[PDB]
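Have a look at this one before I ask anything.
Note that we place each Cβ from the backbone using ideal geometry, even for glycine, and neighbour counts take in every protein chain shown. Numbers and lists here come from the model and the stated rules, or from a named source; no laboratory read-out is quoted.
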Amino acid sequence: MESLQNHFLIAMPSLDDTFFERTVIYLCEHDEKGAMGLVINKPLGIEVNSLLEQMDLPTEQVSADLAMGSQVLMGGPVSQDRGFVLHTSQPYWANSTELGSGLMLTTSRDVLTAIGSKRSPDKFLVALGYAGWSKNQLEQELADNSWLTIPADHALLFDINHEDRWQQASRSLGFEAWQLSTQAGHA
């Protein structure tokens, strides 16, 4: 199981008195020796004001066409200007991406203006930024040290409420399949 990305990190509450360690973190990127991911500890609210501050600067973002926010999720302090938004699987919409079949990934901008006109698939969440693993790139050793690694599921990610997600994930079963290896185009 010594390969990060496309699965959750389960960390027992041995690391307490701090809100950044432990808990369930989902790694989406694969940086060879490391892997970038987003912490889905607990639903918190990053006010829309902070997004307004960001979108206000028309350099590499643009479009502050969003209506409201108040409770935006943060997956970490770095790349708070972007991150990645999750919704159920839909082969439509400008920004969608899925490895299997269950959900879709969207960039945190065009989805904000979509929030301006409330028309949801069924459920989704908006998270900005991710874990500062970029500075680490040592996730390999973290896996064998103490943290548990279990494969990611589309329902386990999204649809399994809040708390029972941990329970079911801790039960788990197994999965071993990597059918993806392509990178084309220069942009």
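Applying the selection to the range 47-82, what residues are closer than 27 Å to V24 by Cα and either more than 21 Å from the chain's Cα centre (by Cα) or in contact (Cβ under 8 Å) with a residue 60 or more places away in the chain (or both)? Before you say what the answer is, go through the steps one by one.
Initially, the range 47-82 is screened for residues closer than 27 Å to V24 by Cα, giving 47-48, 50-51, 69-82.
Matches in the range 47-82: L51 only.
Here's something else I'd like to know. Within the range 92-108, count every residue that is more than 24 Å from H30 (Cβ to Cβ) and not small (G, A, S). Walk me through it before giving the result.
So in the range 92-108, the residues more than 24 Å from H30 (Cβ to Cβ) come out as 92-94.
Those still in the list that are not small (G, A, S) too: 92-93.
The qualifying residues number 2.
Given the options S79, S108, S146, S170, name the one that is among the hydroxyl-bearing types (S, T, Y), surrounded by fewer than 16 Cβ atoms within 10 Å (Cβ to Cβ) and either over 15 Å from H7 (Cβ atoms) or outside the structural domain of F19 (by CATH) (or both).
Answer to the selection: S146.
Now for a separate question. Mind counting the residues in the range 67-107 that are in a strand (DSSP E or B) and not β-branched (V, I, T)?
Within the range 67-107, residues that are in a strand (DSSP E or B) and not β-branched (V, I, T) number 7.
For the range 59-68, indicate whether the set of residues that are surrounded by 14 or more Cβ atoms within 10 Å (Cβ to Cβ), of a type outside the set (A, V, I, L, M) and in contact with a strand residue (DSSP E or B) (Cβ under 7 Å, 6 or more places away or on another chain) is non-empty.
Pass one, the range 59-68, residues surrounded by 14 or more Cβ atoms within 10 Å (Cβ to Cβ): 61, 64-66.
Of the ones still in play, those that are also of a type outside the set (A, V, I, L, M) are 61, 65.
Narrowing the set further to residues that are in contact with a strand residue (DSSP E or B) (Cβ under 7 Å, 6 or more places away or on another chain) leaves none.
No, there is no match, as no residue in the range 59-68 is surrounded by 14 or more Cβ atoms within 10 Å (Cβ to Cβ), of a type outside the set (A, V, I, L, M) and in contact with a strand residue (DSSP E or B) (Cβ under 7 Å, 6 or more places away or on another chain).
Restricted to the range 32-66, and to residues that are assigned to a loop (DSSP other than H, G, I, E, B) and charged (D, E, K, R), which residue is farthest from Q137 (Cα to Cα)?
For the range 32-66, the residue satisfying everything is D65.
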